[PDB]
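To be precise, the following lines are run22.txt, and they hold compact mmCIF, C-alpha atoms and all ligand atoms.
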# COMPACT_ATOMS: atom_id res chain seq x y z
CA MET A 1 0.00 0.00 0.00
CA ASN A 2 1.52 3.28 -1.21
CA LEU A 3 0.68 6.78 0.02
CA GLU A 4 -2.08 7.44 -2.54
CA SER A 5 -3.88 4.22 -1.63
CA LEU A 6 -3.57 5.09 2.06
CA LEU A 7 -4.95 8.59 1.51
CA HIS A 8 -7.89 7.14 -0.44
CA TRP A 9 -8.62 4.57 2.32
CA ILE A 10 -8.64 7.32 4.95
CA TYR A 11 -10.99 9.29 2.71
CA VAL A 12 -13.24 6.22 2.47
CA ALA A 13 -13.22 6.00 6.27
CA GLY A 14 -14.22 9.65 6.47
CA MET A 15 -17.11 9.17 4.03
CA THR A 16 -18.29 6.12 5.99
CA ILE A 17 -18.35 7.94 9.31
CA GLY A 18 -20.12 10.86 7.66
CA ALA A 19 -22.74 8.61 6.08
CA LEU A 20 -23.36 6.75 9.35
CA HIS A 21 -23.81 10.08 11.15
CA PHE A 22 -26.39 11.43 8.68
CA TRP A 23 -28.19 8.08 8.87
CA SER A 24 -28.32 8.38 12.66
CA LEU A 25 -29.63 11.96 12.43
CA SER A 26 -32.39 10.82 10.07
CA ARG A 27 -33.73 8.53 12.81
CA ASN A 28 -34.46 11.66 14.89
CA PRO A 29 -35.30 14.15 12.03
CA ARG A 30 -36.07 17.15 14.23
CA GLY A 31 -38.17 18.83 11.53
CA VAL A 32 -36.02 17.95 8.51
CA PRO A 33 -37.62 15.89 5.70
CA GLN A 34 -36.18 12.47 4.90
CA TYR A 35 -35.30 13.33 1.30
CA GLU A 36 -32.71 15.83 2.53
CA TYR A 37 -31.22 13.15 4.80
CA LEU A 38 -31.21 10.54 2.01
CA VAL A 39 -29.27 12.75 -0.38
CA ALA A 40 -26.88 13.67 2.42
CA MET A 41 -26.28 9.94 2.92
CA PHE A 42 -26.00 9.01 -0.77
CA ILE A 43 -23.32 11.60 -1.57
CA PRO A 44 -20.58 10.25 0.74
CA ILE A 45 -21.54 6.66 -0.11
CA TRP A 46 -21.16 7.25 -3.86
CA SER A 47 -17.92 9.18 -3.30
CA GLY A 48 -16.58 6.56 -0.90
CA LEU A 49 -17.27 3.78 -3.40
CA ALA A 50 -15.49 5.74 -6.12
CA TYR A 51 -12.45 6.33 -3.89
CA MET A 52 -12.49 2.71 -2.72
CA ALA A 53 -12.15 1.73 -6.37
CA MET A 54 -9.08 3.97 -6.69
CA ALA A 55 -7.60 2.81 -3.38
CA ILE A 56 -7.81 -0.83 -4.49
CA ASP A 57 -6.52 -0.27 -8.04
CA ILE A 67 -5.88 9.37 -17.36
CA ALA A 68 -5.18 9.01 -13.64
CA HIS A 69 -7.95 9.00 -11.03
CA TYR A 70 -10.65 8.56 -13.68
CA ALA A 71 -13.21 7.48 -11.03
CA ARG A 72 -12.89 10.88 -9.36
CA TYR A 73 -14.77 12.38 -12.31
CA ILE A 74 -17.43 9.65 -12.03
CA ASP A 75 -17.83 10.66 -8.39
CA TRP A 76 -18.29 14.37 -9.24
CA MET A 77 -20.71 13.58 -12.07
CA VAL A 78 -23.22 12.49 -9.43
CA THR A 79 -22.20 14.19 -6.20
CA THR A 80 -21.86 17.78 -7.41
CA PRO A 81 -25.38 18.01 -8.84
CA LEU A 82 -26.67 16.29 -5.69
CA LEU A 83 -24.87 18.83 -3.49
CA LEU A 84 -26.61 21.57 -5.47
CA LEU A 85 -29.91 19.73 -4.99
CA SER A 86 -29.27 19.70 -1.24
CA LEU A 87 -28.27 23.38 -1.24
CA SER A 88 -31.39 24.23 -3.29
CA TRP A 89 -33.75 22.40 -0.93
CA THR A 90 -32.33 24.36 2.00
CA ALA A 91 -32.82 27.66 0.16
CA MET A 92 -36.46 26.67 -0.38
CA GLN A 93 -36.87 24.86 2.93
CA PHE A 94 -40.26 26.31 3.84
CA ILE A 95 -41.72 26.89 0.38
CA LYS A 96 -42.63 25.07 -2.82
CA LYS A 97 -39.62 23.55 -4.59
CA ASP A 98 -38.75 25.32 -7.83
CA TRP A 99 -37.76 22.20 -9.76
CA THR A 100 -36.92 24.08 -12.95
CA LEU A 101 -34.28 26.13 -11.09
CA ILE A 102 -32.96 22.96 -9.44
CA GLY A 103 -32.68 21.20 -12.81
CA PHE A 104 -30.91 24.17 -14.34
CA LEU A 105 -28.30 24.20 -11.58
CA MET A 106 -27.84 20.43 -11.63
CA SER A 107 -27.45 20.13 -15.42
CA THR A 108 -25.19 23.16 -15.61
CA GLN A 109 -22.92 21.63 -12.92
CA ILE A 110 -22.75 18.40 -14.89
CA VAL A 111 -21.45 20.47 -17.80
CA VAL A 112 -18.69 21.70 -15.49
CA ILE A 113 -17.58 18.15 -14.76
CA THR A 114 -17.87 16.86 -18.33
CA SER A 115 -15.90 19.89 -19.57
CA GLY A 116 -13.24 19.08 -16.98
CA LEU A 117 -12.98 15.45 -18.06
CA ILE A 118 -12.78 16.29 -21.76
CA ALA A 119 -10.05 18.80 -20.97
CA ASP A 120 -8.11 16.12 -19.07
CA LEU A 121 -8.66 13.72 -21.98
CA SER A 122 -7.42 16.28 -24.50
CA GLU A 123 -4.07 15.69 -26.22
CA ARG A 124 -3.50 19.27 -27.39
CA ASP A 125 -2.76 21.89 -24.72
CA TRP A 126 -4.74 24.71 -26.34
CA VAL A 127 -7.73 22.37 -26.61
CA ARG A 128 -7.28 21.18 -23.02
CA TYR A 129 -7.29 24.74 -21.72
CA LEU A 130 -10.24 25.88 -23.84
CA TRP A 131 -12.35 23.11 -22.29
CA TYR A 132 -11.01 24.11 -18.88
CA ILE A 133 -12.21 27.64 -19.61
CA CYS A 134 -15.57 26.26 -20.73
CA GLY A 135 -15.89 24.48 -17.39
CA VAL A 136 -14.98 27.62 -15.45
CA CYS A 137 -17.65 29.55 -17.35
CA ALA A 138 -20.30 26.96 -16.49
CA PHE A 139 -19.00 27.08 -12.92
CA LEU A 140 -19.40 30.87 -12.85
CA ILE A 141 -23.01 30.39 -13.95
CA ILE A 142 -23.41 28.05 -11.00
CA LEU A 143 -21.97 30.61 -8.58
CA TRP A 144 -24.24 33.27 -10.06
CA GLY A 145 -27.20 30.95 -9.56
CA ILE A 146 -26.63 30.10 -5.90
CA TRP A 147 -25.91 33.76 -5.07
CA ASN A 148 -28.86 35.33 -6.86
CA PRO A 149 -31.97 33.36 -7.90
CA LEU A 150 -31.41 30.70 -5.24
CA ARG A 151 -30.42 33.24 -2.59
CA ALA A 152 -33.47 35.38 -3.44
CA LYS A 153 -35.72 32.44 -2.53
CA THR A 154 -34.61 32.72 1.11
CA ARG A 155 -35.53 36.40 1.23
CA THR A 156 -39.18 35.39 0.77
CA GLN A 157 -38.82 33.41 4.01
CA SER A 158 -37.69 34.00 7.60
CA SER A 159 -34.50 35.93 8.30
CA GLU A 160 -33.37 32.89 10.29
CA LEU A 161 -33.36 30.74 7.13
CA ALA A 162 -31.80 33.55 5.09
CA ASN A 163 -28.93 33.90 7.58
CA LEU A 164 -28.32 30.13 7.63
CA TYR A 165 -28.30 29.95 3.85
CA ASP A 166 -25.78 32.81 3.59
CA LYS A 167 -23.30 30.99 5.81
CA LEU A 168 -23.78 27.71 3.94
CA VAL A 169 -23.52 29.20 0.45
CA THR A 170 -20.36 31.03 1.56
CA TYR A 171 -18.82 27.79 2.81
CA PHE A 172 -20.11 26.11 -0.35
CA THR A 173 -18.52 28.72 -2.67
CA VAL A 174 -15.12 28.81 -0.98
CA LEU A 175 -14.60 25.05 -1.27
CA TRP A 176 -15.92 24.76 -4.82
CA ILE A 177 -13.52 27.46 -6.00
CA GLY A 178 -10.65 25.30 -4.77
CA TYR A 179 -11.37 22.49 -7.26
CA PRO A 180 -10.51 24.35 -10.48
CA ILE A 181 -7.47 25.75 -8.66
CA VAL A 182 -6.02 22.38 -7.62
CA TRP A 183 -6.81 21.01 -11.09
CA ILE A 184 -4.88 23.76 -12.91
CA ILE A 185 -1.84 23.74 -10.61
CA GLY A 186 -1.60 19.96 -10.65
CA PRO A 187 -0.56 17.44 -13.39
CA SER A 188 -3.71 18.09 -15.43
CA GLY A 189 -2.62 21.72 -15.67
CA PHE A 190 0.69 23.52 -15.17
CA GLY A 191 2.10 20.71 -13.05
CA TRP A 192 3.33 22.88 -10.17
CA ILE A 193 2.52 20.01 -7.82
CA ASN A 194 3.07 16.28 -8.25
CA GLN A 195 0.33 13.65 -8.43
CA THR A 196 0.68 12.70 -4.77
CA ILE A 197 0.17 16.24 -3.50
CA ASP A 198 -2.63 16.61 -6.05
CA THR A 199 -4.26 13.46 -4.65
CA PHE A 200 -3.88 14.68 -1.08
CA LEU A 201 -5.67 17.94 -1.91
CA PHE A 202 -8.40 16.06 -3.77
CA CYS A 203 -9.08 14.10 -0.56
CA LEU A 204 -9.28 17.05 1.85
CA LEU A 205 -11.42 19.35 -0.30
CA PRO A 206 -13.96 16.62 -1.14
CA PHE A 207 -14.19 15.62 2.52
CA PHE A 208 -15.16 19.13 3.57
CA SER A 209 -17.36 19.61 0.50
CA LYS A 210 -19.32 16.41 1.00
CA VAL A 211 -19.37 15.42 4.65
CA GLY A 212 -18.41 18.88 5.89
CA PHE A 213 -21.11 20.74 3.97
CA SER A 214 -23.89 18.28 4.80
CA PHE A 215 -22.89 18.31 8.47
CA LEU A 216 -23.33 22.10 8.61
CA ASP A 217 -26.44 21.94 6.45
CA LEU A 218 -28.29 19.24 8.40
CA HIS A 219 -27.26 20.46 11.85
CA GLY A 220 -28.05 24.03 10.80
CA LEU A 221 -31.58 23.08 9.74
CA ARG A 222 -32.16 21.00 12.86
CA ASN A 223 -30.90 23.77 15.17
CA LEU A 224 -33.41 26.28 13.81
CA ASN A 225 -35.95 24.13 15.65
CA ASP A 226 -34.39 24.30 19.13
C1 LIG A 301 -16.56 16.17 -4.91
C2 LIG A 301 -17.33 17.31 -4.64
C3 LIG A 301 -17.38 18.55 -5.31
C4 LIG A 301 -18.28 19.66 -4.84
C5 LIG A 301 -16.53 18.69 -6.51
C6 LIG A 301 -16.51 19.86 -7.25
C7 LIG A 301 -15.67 19.91 -8.43
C8 LIG A 301 -15.64 21.07 -9.22
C9 LIG A 301 -16.42 22.35 -8.98
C10 LIG A 301 -14.74 20.98 -10.37
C11 LIG A 301 -14.52 21.95 -11.30
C12 LIG A 301 -13.65 22.02 -12.52
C13 LIG A 301 -13.67 23.19 -13.25
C14 LIG A 301 -14.47 24.47 -12.98
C15 LIG A 301 -12.84 23.40 -14.52
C16 LIG A 301 -12.27 22.08 -15.16
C17 LIG A 301 -11.77 21.16 -14.13
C18 LIG A 301 -12.75 20.81 -12.97
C19 LIG A 301 -13.60 19.59 -13.37
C20 LIG A 301 -11.73 20.36 -11.89

Just dump the structure as structure tokens.
Amino acid sequence: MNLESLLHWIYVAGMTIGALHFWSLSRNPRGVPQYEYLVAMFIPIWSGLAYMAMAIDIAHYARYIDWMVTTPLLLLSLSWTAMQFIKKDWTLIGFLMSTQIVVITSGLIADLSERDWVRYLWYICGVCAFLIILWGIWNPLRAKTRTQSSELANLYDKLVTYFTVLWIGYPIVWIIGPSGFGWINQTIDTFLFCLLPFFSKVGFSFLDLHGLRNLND
């Protein structure tokens, strides 16, 4: 077992603990609907399975297969919170989810590209779709909370801020690593793509679920 495998196994352990915790919280919902708990559970499970595949075995292909599903689901979770006490705007949710999938597919194509100018154009395409995502969660999605209690609005603002900071790190690590300029080696790249995802998946859902539950103290 090399360092990369070890890092991936620790990540899998993290996902497992996270999943078990959300499952336990769902048994005592405290005012939060089960669908929010189920998505919170599915995300780390899907990611953990993907990383388990890499731990056992372009490089890190499965990481893109993880993001393909988990990123749109994280937006689904974020969207539900924004519309916690109102009717779910499914068209807005679909827009955000599909647009995020474009981010991931653009990233994969870029990584699969043989020509550097082509690779970077697709990277740019992904960043543009990503900017649309940021615009979405900060405007139309954020506006939804303003039609509700200030308590919800304040919770959403903290979550979307946490959400945004972490998400911005992904295109950064990608471009500085082997898929980009190569300022960092694969191992360091892997290490960063273990920490960020842990806080983005388990970390975000922890703050999201506990935040929603706490509003009902
Ligand atoms: C595993 C969980 C999350 C929230 C992963 C998010 C990943 C991204 C936002 C990735 C973005 C990329 C961009 C914007 C540009 C091309 C390369 C990436 C796919 C790394």

Got a sec to check which residues lie within 7 Å of ligand LIG 301 (chain A), using all atoms listed in the file, and send them as a PDB file with C-alpha atoms, keeping the file's coordinate frame?
ATOM      1  CA  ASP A  75     -17.830  10.660  -8.390  1.00  0.00           C
ATOM      2  CA  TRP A  76     -18.290  14.370  -9.240  1.00  0.00           C
ATOM      3  CA  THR A  79     -22.200  14.190  -6.200  1.00  0.00           C
ATOM      4  CA  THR A  80     -21.860  17.780  -7.410  1.00  0.00           C
ATOM      5  CA  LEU A  83     -24.870  18.830  -3.490  1.00  0.00           C
ATOM      6  CA  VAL A 112     -18.690  21.700 -15.490  1.00  0.00           C
ATOM      7  CA  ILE A 113     -17.580  18.150 -14.760  1.00  0.00           C
ATOM      8  CA  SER A 115     -15.900  19.890 -19.570  1.00  0.00           C
ATOM      9  CA  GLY A 116     -13.240  19.080 -16.980  1.00  0.00           C
ATOM     10  CA  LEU A 117     -12.980  15.450 -18.060  1.00  0.00           C
ATOM     11  CA  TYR A 132     -11.010  24.110 -18.880  1.00  0.00           C
ATOM     12  CA  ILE A 133     -12.210  27.640 -19.610  1.00  0.00           C
ATOM     13  CA  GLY A 135     -15.890  24.480 -17.390  1.00  0.00           C
ATOM     14  CA  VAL A 136     -14.980  27.620 -15.450  1.00  0.00           C
ATOM     15  CA  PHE A 139     -19.000  27.080 -12.920  1.00  0.00           C
ATOM     16  CA  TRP A 176     -15.920  24.760  -4.820  1.00  0.00           C
ATOM     17  CA  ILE A 177     -13.520  27.460  -6.000  1.00  0.00           C
ATOM     18  CA  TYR A 179     -11.370  22.490  -7.260  1.00  0.00           C
ATOM     19  CA  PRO A 180     -10.510  24.350 -10.480  1.00  0.00           C
ATOM     20  CA  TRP A 183      -6.810  21.010 -11.090  1.00  0.00           C
ATOM     21  CA  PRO A 206     -13.960  16.620  -1.140  1.00  0.00           C
ATOM     22  CA  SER A 209     -17.360  19.610   0.500  1.00  0.00           C
ATOM     23  CA  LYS A 210     -19.320  16.410   1.000  1.00  0.00           C
TER      24      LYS A 210
END

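Nearest residue to residue 160 of chain A among A:43, A:1, A:221, A:32 is A:221, counting only C-alpha atoms.
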
Can you tell me, as a PyMOL selection string, what residues are no more than 9 Å from residue 161 of chain A when counting only C-alpha atoms, ignoring any on the same chain fewer than 6 positions away?
-> chain A and resi 90-91+93-94+154-155+221+224

Select, from A:159, A:86, A:198, A:53, the residue with the minimum atom-to-atom distance to residue 37 of chain A, counting all atoms listed in the file.
-> A:86

Residue 114 of chain A environment, 12 Å, only C-alpha atoms, sequence neighbours closer than 4 positions dropped, as an MDAnalysis selection string = chainID A and resid 70 72:78 80 107:110 118:121 131:132 134:136 138:139

Could you state the separation of atom CA of residue 104 of chain A and atom CA of residue 23 of chain A in Å, given to one decimal place?
->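 So the two atoms, atom CA of residue 104 of chain A and atom CA of residue 23 of chain A, lie 28.4 Å apart.
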
Atom CA of residue 87 of chain A to atom CA of residue 18 of chain A, straight-line distance in Å =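 That distance, rounded to one decimal, is 17.4 Å.
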
Expected residue set, 12 Å radius at (-21.3, 7.7, 8.6), all atoms listed in the file, as a ChimeraX atom specification | /A:11-26,37,40-45,48,210-212,214-215

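Comparing A:147, A:9, A:89, A:202 by their smallest distance to residue 54 of chain A, the closest is A:9 (using only C-alpha atoms).
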
Save segment 18-42 of chain A to disk from that block, N, CA, C and O atoms included, as a CSV table (one decimal), in the first residue's frame.
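Written out: selection20.csv:
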chain,number,residue,atom,x,y,z
A,18,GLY,N,-19.2,9.8,8.0
A,18,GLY,CA,-20.1,10.9,7.7
A,18,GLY,C,-21.5,10.3,7.3
A,18,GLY,O,-22.5,10.7,7.9
A,19,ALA,N,-21.5,9.3,6.5
A,19,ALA,CA,-22.7,8.6,6.1
A,19,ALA,C,-23.5,8.0,7.3
A,19,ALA,O,-24.7,8.2,7.4
A,20,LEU,N,-22.8,7.3,8.2
A,20,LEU,CA,-23.4,6.8,9.4
A,20,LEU,C,-24.0,7.8,10.2
A,20,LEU,O,-25.0,7.6,10.8
A,21,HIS,N,-23.3,9.0,10.3
A,21,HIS,CA,-23.8,10.1,11.1
A,21,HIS,C,-25.1,10.6,10.6
A,21,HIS,O,-26.1,10.8,11.3
A,22,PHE,N,-25.2,10.9,9.3
A,22,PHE,CA,-26.4,11.4,8.7
A,22,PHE,C,-27.5,10.4,8.8
A,22,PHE,O,-28.7,10.8,9.0
A,23,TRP,N,-27.2,9.1,8.7
A,23,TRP,CA,-28.2,8.1,8.9
A,23,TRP,C,-28.8,8.1,10.3
A,23,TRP,O,-30.0,8.0,10.5
A,24,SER,N,-27.9,8.3,11.3
A,24,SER,CA,-28.3,8.4,12.7
A,24,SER,C,-29.2,9.6,12.9
A,24,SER,O,-30.2,9.5,13.6
A,25,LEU,N,-28.8,10.7,12.3
A,25,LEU,CA,-29.6,12.0,12.4
A,25,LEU,C,-31.0,11.8,11.8
A,25,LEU,O,-32.0,12.3,12.3
A,26,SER,N,-31.1,11.0,10.7
A,26,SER,CA,-32.4,10.8,10.1
A,26,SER,C,-33.4,10.1,11.0
A,26,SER,O,-34.6,10.2,10.8
A,27,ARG,N,-32.9,9.3,11.9
A,27,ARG,CA,-33.7,8.5,12.8
A,27,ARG,C,-34.4,9.5,13.8
A,27,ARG,O,-35.5,9.1,14.4
A,28,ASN,N,-33.9,10.7,14.0
A,28,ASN,CA,-34.5,11.7,14.9
A,28,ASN,C,-34.4,13.0,14.1
A,28,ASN,O,-33.6,13.9,14.4
A,29,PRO,N,-35.2,13.0,13.0
A,29,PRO,CA,-35.3,14.2,12.0
A,29,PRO,C,-35.3,15.6,12.5
A,29,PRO,O,-34.8,16.5,11.9
A,30,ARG,N,-36.0,15.8,13.7
A,30,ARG,CA,-36.1,17.1,14.2
A,30,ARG,C,-36.6,18.2,13.2
A,30,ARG,O,-36.0,19.3,13.2
A,31,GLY,N,-37.6,17.9,12.5
A,31,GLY,CA,-38.2,18.8,11.5
A,31,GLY,C,-37.6,18.9,10.1
A,31,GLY,O,-38.1,19.7,9.3
A,32,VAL,N,-36.6,18.0,9.8
A,32,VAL,CA,-36.0,18.0,8.5
A,32,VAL,C,-36.6,16.8,7.7
A,32,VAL,O,-36.6,15.6,8.3
A,33,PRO,N,-37.1,17.0,6.5
A,33,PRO,CA,-37.6,15.9,5.7
A,33,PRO,C,-36.6,14.8,5.3
A,33,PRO,O,-35.4,15.1,5.2
A,34,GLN,N,-37.1,13.6,5.2
A,34,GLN,CA,-36.2,12.5,4.9
A,34,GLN,C,-35.4,12.6,3.6
A,34,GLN,O,-34.3,12.1,3.5
A,35,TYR,N,-36.0,13.2,2.6
A,35,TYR,CA,-35.3,13.3,1.3
A,35,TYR,C,-34.0,14.1,1.4
A,35,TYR,O,-33.0,13.8,0.8
A,36,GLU,N,-33.9,15.1,2.3
A,36,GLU,CA,-32.7,15.8,2.5
A,36,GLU,C,-31.7,14.9,3.2
A,36,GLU,O,-30.5,15.0,2.9
A,37,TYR,N,-32.1,14.1,4.1
A,37,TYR,CA,-31.2,13.2,4.8
A,37,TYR,C,-30.7,12.1,3.8
A,37,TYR,O,-29.5,11.7,3.9
A,38,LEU,N,-31.6,11.6,3.0
A,38,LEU,CA,-31.2,10.5,2.0
A,38,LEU,C,-30.1,11.0,1.0
A,38,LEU,O,-29.2,10.3,0.7
A,39,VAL,N,-30.3,12.2,0.6
A,39,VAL,CA,-29.3,12.8,-0.4
A,39,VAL,C,-28.0,13.0,0.4
A,39,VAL,O,-26.9,12.7,-0.1
A,40,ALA,N,-28.1,13.5,1.6
A,40,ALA,CA,-26.9,13.7,2.4
A,40,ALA,C,-26.1,12.4,2.6
A,40,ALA,O,-24.9,12.3,2.7
A,41,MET,N,-26.9,11.3,2.7
A,41,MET,CA,-26.3,9.9,2.9
A,41,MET,C,-25.7,9.4,1.6
A,41,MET,O,-24.6,8.8,1.6
A,42,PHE,N,-26.4,9.5,0.5
A,42,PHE,CA,-26.0,9.0,-0.8
A,42,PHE,C,-24.7,9.6,-1.3
A,42,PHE,O,-23.9,8.9,-1.9
